[PDB]
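A quick write-up on the structure given underneath.
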Amino acid sequence: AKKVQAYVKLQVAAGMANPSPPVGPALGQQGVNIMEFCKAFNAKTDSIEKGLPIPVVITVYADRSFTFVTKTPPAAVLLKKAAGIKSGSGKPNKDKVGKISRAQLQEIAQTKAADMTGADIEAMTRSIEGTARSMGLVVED
Amino acid sequence: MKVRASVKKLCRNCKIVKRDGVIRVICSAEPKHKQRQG
Amino acid sequence: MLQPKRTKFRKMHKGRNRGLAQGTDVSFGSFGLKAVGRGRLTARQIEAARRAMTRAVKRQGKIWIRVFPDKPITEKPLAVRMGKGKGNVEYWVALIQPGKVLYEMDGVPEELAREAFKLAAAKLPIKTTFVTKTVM
Amino acid sequence: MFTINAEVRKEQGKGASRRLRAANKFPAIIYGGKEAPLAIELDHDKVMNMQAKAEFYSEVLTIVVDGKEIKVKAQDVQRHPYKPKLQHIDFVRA
Amino acid sequence: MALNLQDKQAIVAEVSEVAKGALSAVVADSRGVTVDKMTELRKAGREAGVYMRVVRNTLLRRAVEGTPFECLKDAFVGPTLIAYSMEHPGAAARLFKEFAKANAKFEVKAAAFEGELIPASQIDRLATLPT
Amino acid sequence: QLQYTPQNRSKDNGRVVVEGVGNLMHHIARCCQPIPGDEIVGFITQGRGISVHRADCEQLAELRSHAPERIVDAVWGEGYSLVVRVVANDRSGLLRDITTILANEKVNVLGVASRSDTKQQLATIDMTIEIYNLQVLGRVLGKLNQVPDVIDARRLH
RNA sequence: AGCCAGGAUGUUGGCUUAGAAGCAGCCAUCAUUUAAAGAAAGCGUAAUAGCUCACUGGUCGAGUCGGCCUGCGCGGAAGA
């Protein structure tokens with residue numbers, strides 16, 4: 001479809017949406033209906049799970065009309081998810097906060113397996129582990 | 001333009017030049033860097 | 001500054017600065033800023049250097065100061081007729097022979113030592129040269 | 001592996017020594033074990049580059065002189081007060 | 001980069017796969033995009049793990065000293081940039097046409113590879129994708 | 001002259017609920033100046049009420065070395081007072097810079113036990129305050145931390 | 001040395017914050033595809049995006065780049 005003439009990501013959570021302040025400009029500077037953004041973000045997330053920030057590649061075609069494809073929930077999102085945490089380390093790698101057994105780093109990997117570069121799925125996990133470390137987490141896998 | 005006794009690069013886009021023997025740090029960026037003497 | 005507290009005498013002969021100082025080889029730290037030319041150092045110069053050397057590397061790292069002033073230097077009050085007794089020690093100094101390593105440094109990457117020492121050297125009246133701690 | 005060429009010194013006076021040092025070569029001495037200590041004039045620069053390496057001040061070294069290869073060690077050195085160049089060397093006839 | 005044998009870590013790796021090097025195809029990719037071979041190395045990294053891996057290194061000092069082994073027609077393949085078309089899992093197969101898929105998709109183009117005679121076809125896209 | 005009802009605030013109690021009961025006369029320990037941070041395991045002194053000693057600290061540990069059975073834990077009930085310290089670069093007003101941020105500060109800045117000395121630029125401040133919520137501090141620290149001269153903002157035990 | 005291209009993904013790393021998405025500040029700094037691409041060297045925003053470097057792949061056709069010790073100069077240099 002049309003490339004990127006008004007294409008950016010986003011950071012709301014679950015099916016939740018609507019405001020301009022956090023990311024309304026993503027459409028606010030575009031002109032596309034922010035309420036169409038609400039109901040339609042739910043056109044995908046009417047079934048999508050809570051408090052796990054899922055970005056949507058806005059897809060406003062080279063002629064105003066659009067579509068969109070959310071990313072499967074982010075790795076950082078699925079770490080706030082798998083760790084039993086709500087936020088990242090108070091101070092990186094020098095401390096931990098929540099565990100993520102690698103079967104989950106892999107399941108999340110199989111979420112990204114259709115939404116990220118790869119060949120070695122446990123290697124995708126290696127990315128999710130560096131992700132786990134950078135953000136500082138109980139590294140247990 | 002500076003005319004002080006030091007003169008040496010003031011970024012990198014600054015450049016050494018020896019016109020008439022006199023050293024002049026020309027700068028293809030900041031006009032200010034331009035100087036002389038050395 | 002860095003004047004010596006107490007002394008056997010409050011004044012001292014001008015003296016001579018010939019010779020090559022013993023404080024040569026690096027001792028404590030990882031580098032050092034060995035002296036090159038010859039000359040004397042007012043204590044305040046040492047302080048001007050220490051700061052404009054310390055601040056150069058923030059509080060990280062470590063700095064030894066191999067030399068000490070101690071030599072008194074008098075001066076005749078302004079517009080004073082000759083003789084009439086020795087002047088008054090306005091300030092202290094250190095006779096510096098070539099090779100008398102001054103600020104030995106340690107704890108930081110070599111490039112930084114070159115960085116700071118270049119500065120403090122700028123403060124100093126005598127020419128200088130960076131030096132790396134040596135194996136025997 | 002470390003190896004140098006050298007010379008039996010002619011005159012050993014401070015003067016001849018000094019100018020010899022000006023001649024890009026400098027006096028060195030070797031002693032130990034038994035032999036009467038031998039004056040060792042030797043080229044500077046080669047030794048200079050050779051010494052930079054820390055190993056030079058610990059390992060066994062081989063010194064040439066008329067074909068003979070004494071295997072001394074670096075016992076000590078006296079450098080120039082404010083210049084990179086050396087000045088004199090002391091060798092334990094390891 | 002690194003000494004001769006280290007650049008031979010490269011050339012001997014290449015040649016090691018040249019042993020499987022049957023079908024031949026090349027191109028000077030002085031212009032392309034990360035996205036296409038991102039999806040293509042993703043392709044080799046999907047449909048069959050690792051095959052015809054292309055750690056492109058095209059010197060008239062590499063392909064040339066990588067030529068002696070097999071695909072002798074690589075003698076006139078080295079100057080300018082060079083793509084690596086290598087057979088292994090389904091020899092003399094679509095491995096070429098995959099870059100036809102990339103062809104229509106901004107790599108400038110696969111630029112009509114002359115192809116060589118090891119399996120059969122050259123400049124033309126193969127007509128035998130196994131029954 | 002800006003110099004405590006907080007001496008009657010512990011009397012207002014609720015600052016502690018030892019092992020499952022409140023009121024208990026206790027107090028801040030000068031060693032680990034506790035605040036509603038990582039717990040507290042108050043020691044029982046023979047007199048003068050409980051000696052709350054934050055939680056985990058040599059003294060709190062050495063009493064273990066003695067007769068530990070005297071020591072017991074405590075939640076917190078419902079966050080008053082604290083002593084804090086920040087290091088700086090000599091002065092030249094870099095202390096006045098603290099004093100400037102001190103001017104910015106809203107909480108009662110009691111003990112202003114400033115210090116520096118050393119052979120140089122090492123400078124400090126033994127400030128004491130009535131800070132409330134734990135989060136409010138880092139904020140001041142952050143406000144202290146805009147000035148790089150404020151080389152080390154932190155609470156001290 | 002110039003010129004062509006790429007310069008990514010996890011991911012908008014975390015903490016923080018109104019905001020950090022390379023670049024508020026404090027730390028991680030691995031992993032994936034890797035030809036190669038720093039959880040980013042510079043610019044840049046409200047965060048964005050954008051533009052350029054590192055680095056890597058094409059070209060090209062030979063040395064070339066950075067230091068050291070030194071010989072002679074140059075700049076710094078204005079009076080009745």
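A note on labels: chains of the structure tokens are A, B, ... as shown, every chain counts residues from 1, and ligands are counted from 1 in their shown order.
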
Near-residue 128 (chain C) list (12 Å; only C-alpha atoms (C1' of nucleotides); drop same-chain fewer than 2 positions) as a PyMOL selection string:
(chain C and resi 32-39+96-103+114+117-126+130-131) or (chain D and resi 82-83)

Distance query region 66-70 of chain E at most 12 Å, only C-alpha atoms (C1' of nucleotides), self and fewer than 6 positions along chain excluded, as an MDAnalysis selection string
chainID E and resid 7:24 57:60 76:78 84 86 116:118

Atoms kept (N, CA and C atoms) for selection, written as a CSV table (one decimal), in the first residue's frame:
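Wrote it out as again.csv, contents follow:
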chain,number,residue,atom,x,y,z
E,7,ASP,N,40.8,-12.3,5.4
E,7,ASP,CA,39.9,-11.9,4.3
E,7,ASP,C,39.7,-13.3,3.6
E,8,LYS,N,40.4,-14.3,4.0
E,8,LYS,CA,40.2,-15.7,3.5
E,8,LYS,C,39.2,-16.4,4.4
E,9,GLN,N,38.9,-15.8,5.6
E,9,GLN,CA,37.9,-16.3,6.5
E,9,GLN,C,36.7,-16.1,5.6
E,10,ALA,N,36.7,-14.9,4.9
E,10,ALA,CA,35.6,-14.5,4.1
E,10,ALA,C,35.6,-15.4,2.8
E,11,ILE,N,36.7,-15.3,2.0
E,11,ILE,CA,36.8,-16.0,0.7
E,11,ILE,C,36.7,-17.5,0.8
E,12,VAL,N,37.2,-18.1,1.9
E,12,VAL,CA,37.1,-19.6,2.1
E,12,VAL,C,35.7,-19.9,2.6
E,13,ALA,N,35.0,-19.0,3.2
E,13,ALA,CA,33.7,-19.3,3.7
E,13,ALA,C,32.8,-19.3,2.4
E,14,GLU,N,33.0,-18.2,1.6
E,14,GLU,CA,32.3,-18.1,0.3
E,14,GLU,C,32.5,-19.3,-0.5
E,15,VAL,N,33.7,-19.7,-0.8
E,15,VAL,CA,34.1,-20.9,-1.6
E,15,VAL,C,33.6,-22.2,-1.0
E,16,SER,N,33.5,-22.2,0.4
E,16,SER,CA,33.0,-23.4,1.0
E,16,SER,C,31.5,-23.6,0.6
E,17,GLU,N,30.8,-22.5,0.3
E,17,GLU,CA,29.5,-22.6,-0.2
E,17,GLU,C,29.5,-22.7,-1.7
E,18,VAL,N,30.6,-22.4,-2.3
E,18,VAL,CA,30.7,-22.4,-3.8
E,18,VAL,C,30.7,-23.9,-4.2
E,19,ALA,N,31.0,-24.7,-3.2
E,19,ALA,CA,31.0,-26.2,-3.5
E,19,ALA,C,29.6,-26.6,-3.8
E,20,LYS,N,28.6,-25.8,-3.2
E,20,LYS,CA,27.2,-26.0,-3.5
E,20,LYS,C,26.8,-25.1,-4.6
E,21,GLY,N,27.8,-24.2,-5.0
E,21,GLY,CA,27.6,-23.3,-6.1
E,21,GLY,C,27.3,-23.9,-7.4
E,22,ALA,N,26.0,-24.0,-7.8
E,22,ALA,CA,25.6,-24.6,-9.1
E,22,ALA,C,25.1,-23.4,-10.0
E,23,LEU,N,23.9,-23.1,-9.8
E,23,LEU,CA,23.3,-22.0,-10.6
E,23,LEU,C,24.1,-20.7,-10.4
E,24,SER,N,24.3,-19.9,-11.5
E,24,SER,CA,25.1,-18.7,-11.4
E,24,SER,C,24.4,-17.4,-11.8
E,57,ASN,N,31.1,-9.6,-0.8
E,57,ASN,CA,32.5,-9.2,-0.8
E,57,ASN,C,33.0,-9.4,-2.2
E,58,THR,N,32.9,-8.4,-3.1
E,58,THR,CA,33.2,-8.5,-4.5
E,58,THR,C,34.5,-8.0,-5.1
E,59,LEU,N,35.6,-8.2,-4.5
E,59,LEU,CA,36.9,-7.7,-5.1
E,59,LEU,C,37.4,-8.6,-6.2
E,60,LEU,N,38.1,-7.9,-7.1
E,60,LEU,CA,38.8,-8.5,-8.3
E,60,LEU,C,40.0,-8.9,-7.5
E,76,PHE,N,35.0,-13.5,-15.3
E,76,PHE,CA,34.5,-12.2,-15.8
E,76,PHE,C,33.4,-11.7,-14.9
E,77,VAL,N,33.5,-12.1,-13.7
E,77,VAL,CA,32.5,-11.7,-12.6
E,77,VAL,C,33.4,-11.4,-11.4
E,78,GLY,N,33.5,-10.1,-11.1
E,78,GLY,CA,34.3,-9.6,-10.0
E,78,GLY,C,34.4,-8.1,-10.0
E,84,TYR,N,25.5,-12.9,-5.0
E,84,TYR,CA,25.8,-14.3,-5.0
E,84,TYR,C,24.5,-15.2,-5.1
E,86,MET,N,23.4,-18.8,-5.1
E,86,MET,CA,24.0,-20.1,-4.7
E,86,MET,C,22.9,-21.2,-4.5
E,116,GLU,N,25.5,-18.4,-15.7
E,116,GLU,CA,26.5,-19.3,-16.2
E,116,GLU,C,26.0,-20.7,-16.5
E,117,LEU,N,26.8,-21.5,-17.1
E,117,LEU,CA,26.5,-22.9,-17.4
E,117,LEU,C,27.1,-23.9,-16.4
E,118,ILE,N,26.4,-24.2,-15.3
E,118,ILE,CA,26.8,-25.2,-14.3
E,118,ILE,C,25.6,-26.1,-14.3

Counting only C-alpha atoms (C1' of nucleotides), what is within 7 Å of region 11-24 of chain B, bar same-chain residues fewer than 4 positions away, as a list in words?
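So the residues in contact are residues 28, 29, 33, 35, 36, 37 and 38 of chain B; 75 of chain G.
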
Skipping near chain neighbours, those fewer than 2 positions away, what residues fall within 10 Å of region 18-24 of chain D using only C-alpha atoms (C1' of nucleotides), listed as a CSV table (one decimal) with N, CA, C and O atoms, in the first residue's frame?
chain,number,residue,atom,x,y,z
D,9,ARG,N,84.3,-1.1,24.4
D,9,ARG,CA,84.5,0.3,24.3
D,9,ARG,C,86.0,0.7,24.2
D,9,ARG,O,86.9,0.0,24.8
D,12,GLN,N,87.3,5.0,27.9
D,12,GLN,CA,86.1,5.0,28.8
D,12,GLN,C,85.9,6.3,29.6
D,12,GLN,O,85.2,6.3,30.6
D,13,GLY,N,86.6,7.3,29.1
D,13,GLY,CA,86.5,8.6,29.8
D,13,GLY,C,85.1,9.2,29.7
D,13,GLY,O,84.3,8.9,28.8
D,14,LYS,N,84.7,10.1,30.6
D,14,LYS,CA,83.4,10.8,30.6
D,14,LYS,C,83.2,11.5,29.3
D,14,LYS,O,82.2,11.5,28.7
D,15,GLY,N,84.3,12.1,28.8
D,15,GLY,CA,84.2,12.8,27.6
D,15,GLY,C,83.9,11.9,26.4
D,15,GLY,O,82.9,12.1,25.8
D,16,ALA,N,84.9,11.0,26.1
D,16,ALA,CA,84.7,10.1,25.0
D,16,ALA,C,83.3,9.5,25.1
D,16,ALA,O,82.6,9.3,24.1
D,26,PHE,N,75.6,4.7,23.0
D,26,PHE,CA,75.9,5.0,24.4
D,26,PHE,C,76.5,3.8,25.1
D,26,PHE,O,76.1,2.7,25.0
D,27,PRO,N,77.4,4.1,26.1
D,27,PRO,CA,78.0,3.1,26.9
D,27,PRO,C,77.0,2.3,27.8
D,27,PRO,O,76.0,2.9,28.2
D,41,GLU,N,79.8,-0.6,24.5
D,41,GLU,CA,79.3,0.5,23.8
D,41,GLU,C,78.3,-0.2,22.9
D,41,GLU,O,78.4,-1.3,22.5
D,42,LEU,N,77.2,0.5,22.6
D,42,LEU,CA,76.2,0.0,21.8
D,42,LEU,C,75.3,1.1,21.1
D,42,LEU,O,75.3,2.2,21.6
D,43,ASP,N,74.7,0.8,20.0
D,43,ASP,CA,73.9,1.8,19.3
D,43,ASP,C,72.7,2.2,20.1
D,43,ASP,O,72.2,1.3,20.9
D,44,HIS,N,72.3,3.4,20.0
D,44,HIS,CA,71.2,3.9,20.8
D,44,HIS,C,69.8,3.5,20.3
D,44,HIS,O,69.2,2.5,20.8
D,45,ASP,N,69.4,4.2,19.2
D,45,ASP,CA,68.1,4.0,18.6
D,45,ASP,C,67.5,2.5,18.6
D,45,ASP,O,66.4,2.3,19.0
D,46,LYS,N,68.3,1.6,18.2
D,46,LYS,CA,67.8,0.2,18.1
D,46,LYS,C,67.4,-0.2,19.5
D,46,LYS,O,66.2,-0.6,19.8
D,85,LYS,N,65.6,9.8,24.8
D,85,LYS,CA,66.8,8.9,24.7
D,85,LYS,C,67.4,8.5,26.0
D,85,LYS,O,67.2,9.1,27.0
D,86,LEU,N,68.0,7.3,26.0
D,86,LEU,CA,68.7,6.7,27.1
D,86,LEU,C,69.9,7.5,27.5
D,86,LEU,O,70.1,8.6,27.1
D,87,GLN,N,70.8,6.9,28.3
D,87,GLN,CA,72.0,7.5,28.7
D,87,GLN,C,73.0,6.4,29.1
D,87,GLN,O,74.2,6.6,28.8
D,88,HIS,N,72.6,5.4,29.8
D,88,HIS,CA,73.4,4.3,30.2
D,88,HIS,C,72.7,3.1,30.7
D,88,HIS,O,71.5,3.2,31.1

Looking only at helix (DSSP H, G or I) from DSSP on the backbone, list the matching residues of chain F as a ChimeraX atom specification.
/F:5-7,58-65,68-70,96-104,134-144

Output file for the residues above (C-alpha atoms, as a compact mmCIF listing (two decimals), in the first residue's frame):
# COMPACT_ATOMS: atom_id res chain seq x y z
CA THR F 5 6.31 20.75 66.86
CA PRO F 6 7.68 17.59 65.21
CA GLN F 7 9.02 16.78 68.70
CA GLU F 58 25.56 -2.25 61.65
CA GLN F 59 24.21 -0.89 64.94
CA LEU F 60 20.85 -2.49 64.15
CA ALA F 61 22.91 -5.60 63.42
CA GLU F 62 25.25 -5.41 66.43
CA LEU F 63 22.26 -5.34 68.75
CA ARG F 64 21.63 -8.70 67.08
CA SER F 65 25.18 -9.57 68.12
CA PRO F 68 18.64 -9.65 69.43
CA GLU F 69 15.39 -10.86 71.03
CA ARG F 70 15.03 -7.23 72.18
CA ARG F 96 25.16 30.23 47.69
CA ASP F 97 24.00 28.25 44.66
CA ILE F 98 22.83 25.66 47.17
CA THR F 99 21.57 28.56 49.27
CA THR F 100 19.86 29.69 46.06
CA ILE F 101 18.25 26.27 45.66
CA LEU F 102 17.81 26.48 49.43
CA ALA F 103 15.88 29.62 48.59
CA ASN F 104 13.93 27.56 46.04
CA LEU F 134 9.91 9.86 49.71
CA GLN F 135 9.29 11.01 46.13
CA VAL F 136 9.55 14.69 47.10
CA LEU F 137 13.27 14.34 47.88
CA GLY F 138 14.64 13.16 44.54
CA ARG F 139 12.69 16.12 43.18
CA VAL F 140 14.79 18.49 45.28
CA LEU F 141 17.83 16.39 44.36
CA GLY F 142 16.80 16.84 40.74
CA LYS F 143 16.44 20.56 41.40
CA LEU F 144 19.80 20.36 43.17
